[PDB]
Every structure is written in C-alpha cells, then in structure tokens.
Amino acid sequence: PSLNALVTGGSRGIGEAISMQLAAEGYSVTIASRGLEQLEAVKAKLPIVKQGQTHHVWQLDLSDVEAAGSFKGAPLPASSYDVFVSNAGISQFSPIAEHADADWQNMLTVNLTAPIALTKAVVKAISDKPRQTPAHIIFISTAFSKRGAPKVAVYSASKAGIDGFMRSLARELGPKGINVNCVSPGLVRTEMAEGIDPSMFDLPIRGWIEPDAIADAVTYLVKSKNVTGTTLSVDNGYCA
C-alpha cells in the first residue's frame, strides 16, 4: 500500500529532488507551495511506480501560520501522511544592523513558525494510529545552524530553532512510532544563493552540492526505523 508523504517547498530545487525520490520509492507525494503553475509542472514529472500511488498539489502560502496549522487547502487530511518533509525555506543574507524587519520576521515565520504549526497539525492527526513502520518527520535545516557564519544571524536562528524542535519532538513522539530528524544541507546549487557561494568558504570538499544528494539523505531516513533526534549534515565538510 502506497504511503502518503507531505513535502513542503516541493516546487523547486531540494524539495523537487526530494519529492521525485519519494515518488520513485512508491510514495504518494503532496507538494505544497505558493507557485501553482510550478507545482503542476513538477506533479507530472513525479514517477508513478506503484499501483494506487497518486500525487497531489497543495497551493499553500508558507507564511500563513493559521492556514498551515488548519491544513487550509490540503487535498488530503493530516491523518493521511506517513511522512512529512518540512523543506519550507527562505534565506536572507544581511548584517544584523542592516537587516530589514519585514524580511527577517517573514523569514522567521516561513522557516519556523509555519513549520511548527504544520507539524502540530500532522502530529495531532497521526499520533494514535497503528503502524509497523515508524512514520517520519524530517526537517530540512542548514549547515549554518550549527557553525556560525557572519551575516546569516536570523537565518541560522530560524533553523537552529528547527533543530531544537526536532530534538524535543523526537523524544516526545518516539514512543508513538514517529521518528523525527533534520537533514542539514550546506551550500546547494539552487535559488538560495544570490551573493553567497562555496568559494567564500574553505570547504574540505570544493564546489556546490547538488539537490539530489540532499534527497538521498531524506530517502535513507524515510527508509530507516532506528534514527531519531539526529541531523544528517550534507555540507561538503562545512561543519567538520
């Protein structure tokens, strides 16, 4: 039977790479994002490999914390999902002093407040249901949230808060058959790079990290049942 996976920020880059690999592993993938034009493009490319495997669009504004919390516009209930990948992701590069309040508070809503809400809703729905395999809550964090860089203060903070969430949730929901983990990318070839670039950091492993490599980690986790409370750093040796 085709398990249901929710992947926020599934429109592009890492979320796409994730949604694809999950579809490829027989999962029914709901992607959630602002861009509908974009969702549909991506919906058609998701492999259908297992019979009964349907995919879904969710148009969702990632800064709407009541909508996320109330599953406003979701094609399926929160009770459905056996997997939730929190990849909702905006990054902003400014010195704290220059960093506009509209920006960093929006970032901090999108990267953390909405995820919490969305997570709450899911965990409410799926805690008491039976299952032989654990269900999976997996947050896409960032390398930056463990080792500090200049000019990514509020960004780092939003995703260190995520790391803190997962750690506690992992201990809270482990007896409920819910595994909770982060995957922590380093610098990836995407739309999370304006000024900032690999070269500006002396990496043990030079160059960009591709999305599909971030996905591999998600795929590994989803398939696991002994991994909770952990971060899987795919960061070319950034935090080493």
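One-based numbering along the sequence shown.
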In the PDB record, does 194-202 or 50-58 carry the higher mean Cα temperature factor?
194-202
Mean Cα B factor from the PDB record: higher for 137-145, or higher for 101-109?
101-109
In this crystal structure's PDB entry, the residue among 182, 41, 178, 213 with the greatest CA B factor is 41
Lowest, middle or highest third of the chain for the C-alpha temperature factor of residue 90?
highest
Name the third of the chain's ranked CA B-factors that contains residue 151, choosing lowest, middle or highest.
middle
CA B-factor ranking of residue 167, expressed as a third of its chain
lowest
Quick check for you: using the entry's CA B-factors within this chain, is residue 11 in the lowest, middle or highest third?
highest
Using only modelled residues of the chain, where does the Cα B factor of residue 74 rank: lowest third, middle third or highest third?
highest
